[PDB]
């Protein structure tokens, strides 16, 4: 129904590097830093010169100088969700399957994950995440508008707790 992730929202989820990223708007693409390709001079055809790239705490944002997805409306990127919010992780698999995972979000905090400092939010799954799912967006529908508040970065060994990286 209307309040499940619509097809256009899923169409923002894009295979990228060793995971996924997400078109927040025609010009802004977000992902988790560790999936990003290394040593490239262009992204989606555009030279790095034309791209503002902001990377911190495992969150990466690309702001392009051209409309890359002109078909899309701009949506709100927030710095995480409030504790208790139920978000969906929009997981695409290479098979083509779409797997919206319901997650109850916890607190925003700094975490050390395999040596890297993550500006993260943990959440409890309400179906699990696997290697290759990173970059997948954490989204929720606030009244009439969809909000994106993080990108998938990690899961506990049990798989029952996930972490998304959030923007400063």
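Residue numbers count along the first chain shown, from 1. Definition used throughout: the rigid core is the maximal C-alpha set that superposes within 1.5 Å between two forms.
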Subject >> Positional deviation of Cα atoms in 8 other deposited structures of this protein after core superposition, greater for 59-67 or 128-136 >> reply: 128-136
**OP:** Using RMS Cα distance over all structures and residues, flag whichever of 150-158 and 10-18 lies farther from this form in 8 other deposited structures of this protein after a core fit.
**Re:** 150-158
**OP:** Could you tell me how many residues of the deposited sequence sit unmodelled between residue 126 and residue 127 (none, 1 to 3, 4 to 9, 10 or more)?
**Re:** 4 to 9
Original post:
Would 23-31 or 117-125 have the larger average of its C-alpha temperature factors, as given in the entry?
Top reply: 117-125
Original post:
Comparing 143-151 with 8-16, which has the greater mean CA B-factor as deposited?
Top reply: 143-151
Original post:
Per the PDB entry, which option out of 57, 47, 100, 137 has the greatest Cα B factor?
Top reply: 47
Original post:
By its CA B factor, does residue 76 count among the lowest, middle or highest third of the modelled residues in the chain?
Top reply: highest
**OP:** Comparing against every modelled residue in the chain, figure out the third that the C-alpha B-factor of residue 168 lands in (lowest, middle or highest).
**Re:** highest
**OP:** Classify residue 63 as lowest, middle or highest third according to the C-alpha B-factor given in the PDB entry, relative to its own chain.
**Re:** lowest
**OP:** Divide the modelled residues of the chain into thirds by Cα B-factor and specify which third, lowest, middle or highest, holds residue 69.
**Re:** lowest
